[PDB]
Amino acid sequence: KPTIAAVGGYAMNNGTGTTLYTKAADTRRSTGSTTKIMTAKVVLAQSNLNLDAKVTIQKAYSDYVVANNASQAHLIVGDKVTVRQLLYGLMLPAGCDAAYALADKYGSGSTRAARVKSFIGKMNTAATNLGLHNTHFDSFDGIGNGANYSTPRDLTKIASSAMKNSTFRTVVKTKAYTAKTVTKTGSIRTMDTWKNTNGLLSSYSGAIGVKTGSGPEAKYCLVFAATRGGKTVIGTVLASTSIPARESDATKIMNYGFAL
């Protein structure tokens, strides 16, 4: 068994559900941005899901990332961005503005505030449907909250569930994506290229997911997945000490998991 800096860790064979590694796997901790995995999952499971549907970037999304010093996809106010593009903006450059956009889009309600509340409700309903007992969401992006938490095991189960969707799989294994959006005047804008924050995609052979996360309370987190020898290991590390540390943690856990 490898030693990891993360205070929370879990990994399983995604195909069989068999546990490969544990470290306070059922201890509740802050998720940081890894909560976005649930946002993606809820969006992709919407009955009225239309990946080509366009969303107008609201001033609110921009003001939000600023007010919360949140990571962003740099979506431009006024631009018309598709749900697909938003999913890439959400999962690759850790776009909290993209997360807000998706929550506003798929939440039910007559105001942004109402739809955001509704969307977070759908996230919690999703957790409940998965049979989770140690996860609660109070945000669509993991932005600060004692009421926003999960566990290495719960997050891994959420990720596994999300990975059942081919679109989610395609998005999370994408290293780079350049969104061509539609401006206020109708022209096509080539946004600056988005790079997946998940360094494993290039450093770990066979890596296929899933999503990074960070926060003042959550520290450095990472939900990871990889396939080697026809075996897929999926797991989560919570509260590692740094970005390099969380990547080594994940690399060690997967290596261990494939050697078991």
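All residue numbers refer to positions in the sequence shown, first residue = 1.
Asker: For the stretches 25 to 33 and 228 to 236, which has the higher mean C-alpha B-factor as given in the deposited record?
Answerer: Result of the comparison: 228 to 236.
Asker: Could you settle it for me: does 167 to 175 or 184 to 192 have the higher average Cα B factor in the PDB entry?
Answerer: Result: 184 to 192.
Asker: Identify, among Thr197, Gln58, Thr39, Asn69, the residue whose C-alpha carries the highest B-factor in the deposited PDB entry.
Answerer: Most elevated C-alpha B-factor of the set, per the entry: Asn69.
Asker: Go through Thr241, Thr251, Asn14, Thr19 one by one and give the residue whose Cα B-factor in the PDB entry is largest.
Answerer: Result of the comparison over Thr241, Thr251, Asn14, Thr19: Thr241.
Asker: Compared with the other modelled residues in the chain, in which third is the CA B-factor of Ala113?
Answerer: As the PDB entry reports it, the C-alpha B-factor of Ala113 lands in the middle third of its chain.
Asker: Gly95's Cα B-factor: lowest, middle or highest third of the chain?
Answerer: Within its chain, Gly95 is a lowest-third residue by C-alpha B-factor, going by the deposited values.
Asker: Sorting the chain's modelled residues by C-alpha B-factor, tell me whether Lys122 ends up in the lowest, middle or highest third.
Answerer: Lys122: CA B-factor falls in the middle third of its chain.
Asker: Using only modelled residues of the chain, where does the Cα B factor of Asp104 rank: lowest third, middle third or highest third?
Answerer: Lowest third - that is where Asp104 ends up once the chain's C-alpha B-factors are sorted.
Asker: Which third, lowest, middle or highest, does the CA B-factor of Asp141 fall in along this chain?
Answerer: Highest third - that is where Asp141 ends up once the chain's C-alpha B-factors are sorted.
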